[PDB]
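[1] what shape does this take:
(2 chains)
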Amino acid sequence: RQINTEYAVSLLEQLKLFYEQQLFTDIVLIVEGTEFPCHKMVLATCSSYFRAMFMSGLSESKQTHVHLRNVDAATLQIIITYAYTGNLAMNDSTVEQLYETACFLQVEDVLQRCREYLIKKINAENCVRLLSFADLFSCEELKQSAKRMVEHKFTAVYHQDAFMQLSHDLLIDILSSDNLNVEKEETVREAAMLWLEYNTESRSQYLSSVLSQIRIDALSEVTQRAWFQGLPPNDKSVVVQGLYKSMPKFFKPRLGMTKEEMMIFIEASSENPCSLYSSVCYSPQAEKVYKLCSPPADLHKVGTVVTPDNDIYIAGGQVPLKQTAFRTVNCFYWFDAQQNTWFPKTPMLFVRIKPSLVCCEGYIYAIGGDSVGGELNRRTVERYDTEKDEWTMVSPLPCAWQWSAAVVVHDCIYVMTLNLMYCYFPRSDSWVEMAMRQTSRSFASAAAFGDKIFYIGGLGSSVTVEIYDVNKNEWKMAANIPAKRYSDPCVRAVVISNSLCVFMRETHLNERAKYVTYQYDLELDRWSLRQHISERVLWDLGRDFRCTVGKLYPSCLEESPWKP
Amino acid sequence: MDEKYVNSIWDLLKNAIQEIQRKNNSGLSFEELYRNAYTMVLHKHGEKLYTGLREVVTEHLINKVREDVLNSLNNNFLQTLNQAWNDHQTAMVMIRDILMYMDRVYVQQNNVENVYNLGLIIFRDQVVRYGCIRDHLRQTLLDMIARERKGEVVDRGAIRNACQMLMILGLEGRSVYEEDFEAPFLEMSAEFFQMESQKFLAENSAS
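    Numbers count the residues shown, from 1 in each chain, chains lettered A, B, ... in the order given. Now the structure:
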């Protein structure tokens, strides 16, 4: 059987009582003049150091006043109270010294707990700090998570102040890796140059090693004379060294320069009938269809968003409850552009069905989408903090809308419905009335290209196009897309190659679905044939599929094996 | 920090370990020798600590037990061997405790055997598998087991203690225990039972 829960907790609280109320407390910890009366049994059951200290034969087996040095009062107090009741108060600040004292006392439980917390806390503004911390104390799992998150965030910001104070081995492991995310190979060059010029003779010996990890395409060009300027005077062991050493290290292109503009699709028609749906992607340049990882636990009815930093997120959705069976969950996830997997993040407060995820000013805005409460404020619009990893409510939408879309133009949120539109001001947290459309259409998508909103299609859909201008605040017609008559075109508005293109799948009577995209001429008001998608590579996707503009790597992803 | 600080820390830790190996562990402040291990492994100097530990352990062994066993090879040889094994084990209790705090990070990073296994291996290499102690132990155990088989009774718990000591010295299974004890014992038992059957077939009948 198991252990009697009654006594388990009765013993735990009685042990805690003997601790707070000085009673059978034998050994006392002397830390910076602070008394800590406690027991030996509780300390032995958790800390391996304390277990080793008492069970031994040394004077500490019969001592009372141990002067535990190189520790903190609050950390030792929280560790002792956790050992006495199982309660660990993990804030967002004291986790550093918590891990320090845990590695000092060798307490595996609190070590694993704080390691998980830091694996959750890993973000941009602390990536390099957490990596240096995982290099100081051996935390290989945390070290790898840091390194990766680090890598990417490092090659996206390269302005961290902690980056200058890093060990040589860590810098070599970072720079020489094939996971850096940079659209060019010159930014890592100048990053290494500034890290070297942070000092001079303290980096001279590492100069010969850091250049050995960067390709020779920039080890013969400029930033060799700049080092000669900062070279120690009369030093003739580095100049001629770098002169006659710029020959091997075969220049090979990195992986970060493989970010092509692709058309990411979700909830596509599953090829094998064993699964409900799948996720694929179209290559406008490679002219192929690469497969994508399935949504987290086949998360259907979700929304996508691609931040200006080229990051994919997933919010809302419903999972089939354990024949129709579906329960809605407010889980949130983040897509790893390299590992080809969905990392879980802080879930939302309310569950959503088809939420409109829109990024603006670094915040992720999920505007509406079947709110659970359905109370007088049937919107529950929420914003997400990418810095603090938390959600914050914003000003609610004045009117309840269903099957709506939203875009971001001029640092503002523009949500569109059947005929009405409201603009949200993030600086003032208010909603202002906008122009009214003359046509009642729904179940459509909009793409934000420049300073104009292009509401394409609406109701199947049609070829109606109503262009809205932010500076003019008016809805005007441009043209209708020339498509085959007696068909049901499935329009998808998206921005690609600095031009407004459309992903329109049409289906004829007694005929299969045909894929073709058009390039809408902005000044001529005409959709020109940009490229025709051959059916030998792209099969049917369905009706409830979404499309978004984003960049992915063809190397990390694999081609989907499927017959034309 | 500087090399002088870590050198002094290692020197005092070695002095404390030697004092413990002298069974004077009684009056030694664990805290004031461990506050020197945390700060030693923290600065990424575990290799030097491990090498120094191995050197100190093997030097202490070769100086004390290698001389004691060879000095008392005829006056309670197995008893003194068991006593030395028990002393080594009871010292490697606190030693392994401290250097297990060390071992967590070290063997999870450097992929090496723990300090208890290190002590067992160095003991096997310097005492049991010695060029002279091994054959002497083999001969004396064969002699005493043959005298026991002859009909007269001798000490039996000491043989169990020695076999358990060798089994623990195996440190992985029954690999060394076999080569050191089973193989020699098998040849002697073979000859003994062969001679016994040859004597019985002629002196008696099938009844």
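
[2] please count neighbours and contacts with C-alpha atoms only from this point.
    Fine.

[3] please name the nearest non-neighbouring residue to the spatially most central residue of chain B.
    By Cα atoms, centre = their mean, chain B has its centre lying nearest to residue B:123, at 4.0 Å. Nearest in space to residue B:123, with sequence neighbours left out and distances taken as Cα to Cα, 6 or more residues apart in numbering or on different chains, is residue B:61 at 7.4 Å.

[4] for residue 72, what are its contacts?
    Going with chain A. A:31, A:97, A:101 (Cα atoms under 8 Å, 6 or more residues apart in numbering or on different chains).

[5] that's the wrong chain, I meant chain B
    Going by Cα under 8 Å, 6+ apart, the list of residues near residue B:72 reads residue B:80.

[6] repeat that for 6 Å
    Listed by Cα atoms under 6 Å, 6 or more residues apart in numbering or on different chains, the contact set of residue B:72 is empty.

[7] who's in contact with whichever helix in chain A runs longest?
    Taking DSSP state H as the criterion, chain A has its longest helix at helix A:140-157. The contact list for helix A:140-157 (Cα under 6 Å, 6+ apart) reads A:124, A:127, A:131, A:134, A:180, A:181, A:182.

[8] count of neighbours near the fourth one?
    Read that as residue A:134. When neighbours are counted by other Cα atoms under 10 Å in any protein chain shown, residue A:134 registers 20.

[9] just the helices in the chain please.
    Picking chain A for this. With DSSP H as the criterion, chain A has helices at A:5-20, A:40-46, A:48-54, A:73-85, A:95-105, A:108-121, A:127-136, A:140-157, A:168-175, A:187-196, A:204-210, A:225-229, A:239-243.

[10] try again with chain B
    Secondary structure of chain B by DSSP H: the helices cover B:3-19, B:31-34, B:38-42, B:46-71, B:77-109, B:115-123, B:133-150, B:157-170, B:176-177, B:183-203.

[11] how about the fourth one: buried residues?
    Counting neighbours by 16 or more other Cα atoms under 10 Å in any protein chain shown, one finds that the buried residues in helix B:46-71 are B:46, B:49, B:50, B:53, B:54, B:57, B:58, B:61, B:65, B:66, B:68, B:69.

[12] hmm, back to that, for the contacts of residue A:72, give me CSV that also has neighbour count and distance to chain B.
    Putting those into CSV (neighbours: other Cα atoms under 10 Å in any protein chain shown; distance: Cα to the nearest Cα, whole Å) gives the following:
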residue, neighbour count, distance to chain B
A:31, 17, 12
A:97, 15, 14
A:101, 20, 11
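
[13] just to revisit the earlier point, now the helices of chain B in TSV, with distance to residue A:433?
    As requested, those are arranged in TSV below (distance: least, Cα to Cα, whole Å):
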stretch	distance to residue A:433
helix B:3-19	72
helix B:31-34	70
helix B:38-42	62
helix B:46-71	68
helix B:77-109	62
helix B:115-123	75
helix B:133-150	97
helix B:157-170	84
helix B:176-177	87
helix B:183-203	96
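
[14] ok, which of these comes nearest residue A:66?
    helix B:31-34 (6.9 Å; Cα to Cα).

[15] how distant is that closest one from the center of its chain?
    Offset of helix B:31-34 from its chain centre (Cα atoms, centre = their mean, to the nearest Å): 27 Å.

[16] that one vs chain A: in contact?
    No. For helix B:31-34, no contact with chain A is found by Cα under 6 Å from any Cα of the partner chain; the gap never falls below 6.8 Å.

[17] CA atoms only for that helix, dumped as PDB, please.
    Output in PDB follows, covering the C-alpha atoms of helix B:31-34 (Å, rounded to 0.1, in the frame of the first residue of the first chain):
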ATOM      1  CA  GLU B  31      32.500  22.700   8.700                       C
ATOM      2  CA  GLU B  32      36.100  24.200   8.800                       C
ATOM      3  CA  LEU B  33      37.300  21.500   6.200                       C
ATOM      4  CA  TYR B  34      34.200  21.500   4.000                       C
END
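
[18] what's that helix in contact with?
    Against helix B:31-34 from outside (Cα under 6 Å, 6+ apart): no residues.

[19] enumerate the residues of the stretch 301-450 of chain A near chain B.
    Residues of the stretch 301-450 of chain A lying close to chain B (Cα under 6 Å from any Cα): none.
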